[PDB]
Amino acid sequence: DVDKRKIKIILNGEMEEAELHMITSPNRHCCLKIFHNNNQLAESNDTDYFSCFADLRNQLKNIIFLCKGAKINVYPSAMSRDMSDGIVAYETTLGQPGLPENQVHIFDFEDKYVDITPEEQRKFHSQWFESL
């Protein structure tokens, strides 16, 4: 299966439009590609698209991704990762378990709290998990 999604990015300070390709193949293989100006800037291969996206953002350190999956407080639950191939995640809040109304699509638009690295996102998530 191949799905495509246009996204907004900030490349070296400039607002730009890019296109993600999600290629889901047999044996849990998720391939996430990003195209910009018809050129493939990067690709990640993993078993879910949230992991793919974190790898992609680490490969492209000069780009801010204006997407929910790049937001500091967003992370999949085990269930959302497993059942949705990482496409559905949660916006998390200090001291609170995640609720259905907190669910998001990782490639929906977001421009707040996204100028952060995948490692900072993992750190926020670890501190959140400990806050419960």
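One rule holds for the numbers: they count along the sequence shown, beginning at 1.
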As the entry reports it, the stretch among 70-78 and 39-47 with higher mean C-alpha B factor is 39-47
Quick one: say whether 114-122 or 17-25 has the higher mean Cα B-factor in the deposited entry.
-> 17-25
If you rank every modelled residue in this chain by C-alpha B factor, which third holds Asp85: lowest, middle or highest?
-> middle
Report the third (lowest, middle or highest) to which the CA temperature factor of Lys61 belongs, ranking only the modelled residues of the same chain.
-> middle
Relative to the other modelled residues in the chain, which third contains the C-alpha temperature factor of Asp55: lowest, middle or highest?
-> middle
